[PDB]
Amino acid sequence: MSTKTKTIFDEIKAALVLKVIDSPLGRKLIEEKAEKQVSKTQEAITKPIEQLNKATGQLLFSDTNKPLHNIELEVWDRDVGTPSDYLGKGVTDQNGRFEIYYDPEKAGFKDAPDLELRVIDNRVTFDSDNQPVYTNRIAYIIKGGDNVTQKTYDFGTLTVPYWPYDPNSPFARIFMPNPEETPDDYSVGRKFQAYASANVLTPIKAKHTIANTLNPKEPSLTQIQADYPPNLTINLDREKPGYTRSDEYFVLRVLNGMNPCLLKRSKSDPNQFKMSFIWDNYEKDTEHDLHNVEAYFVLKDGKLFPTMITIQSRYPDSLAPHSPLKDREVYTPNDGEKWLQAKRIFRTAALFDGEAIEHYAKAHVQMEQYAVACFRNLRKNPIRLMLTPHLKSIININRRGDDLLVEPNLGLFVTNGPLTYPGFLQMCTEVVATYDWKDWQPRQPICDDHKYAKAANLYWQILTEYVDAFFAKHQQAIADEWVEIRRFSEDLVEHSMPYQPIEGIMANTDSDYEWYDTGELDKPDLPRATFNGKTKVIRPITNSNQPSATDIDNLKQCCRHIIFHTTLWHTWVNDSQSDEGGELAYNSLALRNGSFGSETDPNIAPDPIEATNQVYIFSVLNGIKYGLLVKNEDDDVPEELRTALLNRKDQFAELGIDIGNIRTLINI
């Protein structure tokens, strides 16, 4: 086997690299990498303006050719084999035009400056006394004329690749071939936690992988499970045997698990509920099985009990979408082990769906567009201070997932998922083509045990208070620089997906059943705009250069949406990955060879390498936990939000939630 040797050397290689980085050598390089990307903020050139010289011009985005507005510019002298010299500061106007006053005399050495224009980025931090701290970063450098001896030097109109859009993605994403040159890097802490976690967990996965080549049936599932730390379900079953396989727990995790199911209620019998996963739209891979599974529940006295689970499976042959299905089967809670096996199958469909749609699609992809637009257009406007800390760093993790999670042949969700890469992708494009911010609100609690709904609504009201307060406080500044909000809106609409009414797994085909709550769902009746000849999925926040009641409310809602999904939602879906899928016997992204058998059957379960990679990835992804609202390890979370969340600590406690476990952003 040609693959065995290279696989081994690759696992070894990975291990060694992690040794190097998770060490003094690695840490020094990381920390210094962080320190160099800080631009020393220069002081104003106080001197008579007549005695000063000037440089003028206009800056445009390289991809939209729109003005690069309100961005800081520094005039420097670039000298060969000599340190550069600072000559003057200034900003672009809303048309990207600039008239920088610079002093040639800070040349010192030469008779005339050889000009160099720097585009300057910056992050805002709050100090001890809650006052803004501006930390610069060099965004771009343009070479200007040499021997400049004119009292006005003009660059004219130039383009700048500032946060460019990826033209090869079906999604609005940043263009980042080299993730090593991100314009928004992680914190050194986030990096350190990552490399540490990986250094602990990777030698295990490596051991298993190397072991698998020596014997394709080894290591056992028992050995793989043992060699990793236990998860929630293992612990639970260690206290009370078989608890997590019970109906009560099945329902609880359907409601509040990693994939918190938005159930369908019956129109005739409002006590009847169901959840459908149908994959007729998608291409099955050759290894795993595919199951159209539907779980039915009844509501009795504020409790949800499972009534049946129907399973309709693809033949192993049935690869292409809409290929033949085996006869649908029906399972009730008294059908014993076939009932238990049905519950496991449902769990796996729910886990793969949860990772594709609820996680990767709804959280990562949907929020990246807001990130890119935000950092593209929000500078002078206070809303920046409100949005950036939640949208920062997400470009990094998505670009990483391009290799780690959703790579055409090596990514976990593709490989371990029952679909081909085109299938998984199709799920993603399908749902993201319908995600908008307008009139969006969290689902309502079906019952008292519906923890996620209660949690989500509480958090939502917190966000409402926060947003209202913030908008009130910075009203004048928000209005004064509303143009930024317009450019923000325009970038969002223009770069979003073309709208496409829902289809596939998340589309209801049932006449009897309707979504019990529609607040999170797509509102097709609400008008959407058109760009480039297609109706766009994201609705515009504004189309005027000054705010109005409508426009302001629009912005407030968009802000609520963004903050909600970048904090609580992603927290919930991501940090629940171990709890749902840490134990192989209980859950996986797919099943094999009929999917029916005892949960100890290694033929049904993932093969050793898929298994170990499953547990590895879940444990890593939930094991890295940097960036929490309460902890505020980056000192950039506006204090109003913090105090709003802290104020409501105990109501969250009453739902078994620590507000300190709520992440600030998406960076894992």
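Numbering starts at 1 and follows the sequence shown.
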Select between 508-516 and 276-284 the stretch whose C-alpha atoms have the higher average B-factor in the entry.
508-516
Could you settle it for me: does 549-557 or 142-150 have the higher average Cα B factor in the PDB entry?
142-150
Looking at the C-alpha B-factor values in the deposited entry, which of 342, 87, 372, 397 comes out highest?
87
Per the deposited B-factor column, the C-alpha that peaks among 533, 104, 581, 170 belongs to 104
Which third, lowest, middle or highest, does the CA B-factor of residue 459 fall in along this chain?
middle
Chain-wide C-alpha B factor ranking for residue 413, given as lowest, middle or highest third
middle
Residue 52: which third of its chain by C-alpha temperature factor?
highest
Cα B factor band for residue 76 (lowest, middle or highest third within the chain):
highest
Thinking about Cα B factors across the chain, which third does residue 178 belong to?
highest
